[PDB]
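Residue numbers (the deposited numbering), protein chains in the order written: chain B, 261 to 352; chain A, 261 to 351.
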């Protein structure tokens with residue numbers, strides 16, 4: 261698409277996760293955005309990506325943005341492992 | 261700042277210009293964001309940058325997002341020359 265990169269950036273900058281969408285969908289959604297932008301030459305590294313993910317991460321997931329200060333060199337895969345583990349406990 | 265690039269992206273993705281802020285401030289604001297992101301490795305070329313500027317460009321500046329289809333290879337400097345010319349005539 262001619263307007264692909266712009267639409268991926270706007271989606272990435274306005275992520276809103278609370279626990280309604282399954283973690284499976286939300287992960288692949290963000291992972292695809294980062295991969296699509298990187299294929300077009302826009303590299304969003306782990307540091308900048310994690311910051312944008314934790315931004316808007318609300319509900320019972322708000323705390324991940326608080327502990328992030330101790331978490332530098334964090335990876336996107338690690339950040340989603342945290343979100344997944346919370347979703348598992350949200351189903352039961 | 262440790263959170264500079266992320267804050268630059270959110271600002272670039274939620275630009276809202278109507279004609280209240282002077283074009284001088286709005287131009288240097290966006291131009292600095294693009295330069296900072298390119299220096300940090302987040303390459304935002306003219307095509308994607310202009311698209312993001314025209315997004316949220318509302319008020320009497322809406323029509324620039326309509327003519328953008330005939331305007332390919334339009335540089336950021338060219339897009340602001342348009343915005344400037346509308347701002348000068350607005351007062």
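For every residue, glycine included, the Cβ atom is placed at its ideal position computed from N, Cα and C.
Under 9 angstroms, do residue i and residue j count as touching if we go by C-beta distance?
i, j, result
"residue 309 of chain B", "residue 312 of chain A", "no"
"residue 269 of chain B", "residue 272 of chain A", "yes"
"residue 274 of chain B", "residue 299 of chain A", "no"
"residue 326 of chain A", "residue 279 of chain A", "no"
"residue 306 of chain A", "residue 334 of chain A", "yes"
In chain B, which residues lie less than 8 angstroms from residue i when you measure between Cβ atoms?
i, result
"residue 312 of chain A", "266, 269, 270"
"residue 315 of chain A", "266, 270"
"residue 263 of chain A", "311"
What does residue i reach in chain A if we use C-beta pairs closer than 8 angstroms?
i, result
"residue 337 of chain B", "Simply none; closest approach about 19 angstroms."
"residue 327 of chain B", "The contacting residues do not exist; residue 327 of chain B stays about 15 angstroms from chain A at best."
For residue i, is the classification buried or exposed, using 16 other Cβ atoms within 10 angstroms of its Cβ as the cut-off for buried?
i, result
"residue 323 of chain B", "exposed"
"residue 287 of chain A", "buried"
"residue 295 of chain B", "exposed"
"residue 297 of chain A", "buried"
"residue 283 of chain B", "buried"
"residue 330 of chain A", "exposed"
"residue 317 of chain A", "buried"
"residue 339 of chain A", "buried"
Does chain B have any CB closer than 9 angstroms to the CB of residue i?
i, result
"residue 291 of chain A", "no"
"residue 331 of chain A", "no"
For residue i, which residues in chain A fall below 7 angstroms Cβ to Cβ?
i, result
"residue 343 of chain B", "By Cβ distance, chain A contributes nothing, its closest Cβ being about 18 angstroms from residue 343 of chain B, past 7 angstroms."
"residue 301 of chain B", "303"
Is there a Cβ of chain A sitting closer than 9 angstroms to that of residue i, yes or no?
i, result
"residue 319 of chain B", "no"
"residue 273 of chain B", "yes"
"residue 307 of chain B", "yes"
Runs of 4 residues minimum, wholly inside the region 302-330 of chain A: which ones carry the alpha helix (DSSP H) assignment? 306-314, 324-327
Sequence ranges, alpha helix (DSSP H) only - wholly within the region 261-292 of chain B, length at least 4: 264-273
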